[PDB]
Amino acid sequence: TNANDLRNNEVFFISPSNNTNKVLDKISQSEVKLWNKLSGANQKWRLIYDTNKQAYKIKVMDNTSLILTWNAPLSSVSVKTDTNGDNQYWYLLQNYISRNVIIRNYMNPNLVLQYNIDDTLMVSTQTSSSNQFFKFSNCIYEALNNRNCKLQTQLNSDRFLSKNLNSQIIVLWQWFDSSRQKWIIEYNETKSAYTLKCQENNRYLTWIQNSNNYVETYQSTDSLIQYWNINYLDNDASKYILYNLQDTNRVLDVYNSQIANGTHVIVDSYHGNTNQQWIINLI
């Protein structure tokens, strides 16, 4: 799959190459360690690419916003407040075939991130050894791909993404365990994004471009209007935003932020308020 590619603005588990069941874990307010995989948000990391530097910040997703930092001139690493220090940027360089990634410090590119036998981490000069190879796994792909899901608006604990009765229009509706409210989330390799298939009619969540900008269930198409970048909210892994590929500045949104059964679901410009936030869970 290309779903685990080192994309800007994606959130990952970062594992040692020797153990896919251990992940980089922010254990405290400052310290990181490899730990048994538990999928708490303190084990999830957003990549933020800096094009000028051709290097990334690696930001924990537990709400603290702290970023992986080399404690220059020492050999230790930690999570720290982002002050845009050169020691807070990392080159992520990948072996295309093995999928292994080297995490190389920007301030001193002689130093790479290393995991130790005792699960601690540090920086060190480069060897040919596996203790400096990491694997990145996209969190959302791992969790949601090929799963039957429900999607709740953050506006209300009992309003869900629903195909309308006897219409293709998608609306909010209270839960009634209906196939109109169940969506198969499937990653498309070509588009590098997701489709969401309504269980009732086997048709897909699609932006219908006109002045209303409603979403409807629509037949399978290669057109970008049917494809969605499913992400966590910038600093909250408990909520999702869905950006449409036709215009990735626009997202799945609730008309006038209304909560009534029947409220139109639409695609509108990103602002990130609660009307654009969704809670996705497996059926």
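Each residue number is its position in the shown sequence, starting from 1.
With 253-261 and 56-64 compared on mean CA B-factor from the PDB entry, the stretch scoring higher is 253-261. Of the two segments examined, 9-17 and 264-272, it is 264-272 that shows the higher average Cα temperature factor in the deposited entry.
Of the candidates 100, 137, 83, 153, the deposited coordinates give 83 the top C-alpha B factor. Highest CA B-factor among the listed residues (145, 206, 181, 211): 211. Sorting the modelled residues of the chain by their CA temperature factor places residue 41 in the middle third. Annotation for residue 166: C-alpha temperature factor in the highest third relative to the rest of the modelled chain, per the entry. Residue 195: CA B factor lies in the lowest third for its chain, per the PDB record. Ranked by Cα temperature factor within the chain, residue 277 sits in the lowest third according to the deposited record.
Among the modelled residues of the chain, residue 115 sits in the middle third by CA temperature factor in this PDB entry.
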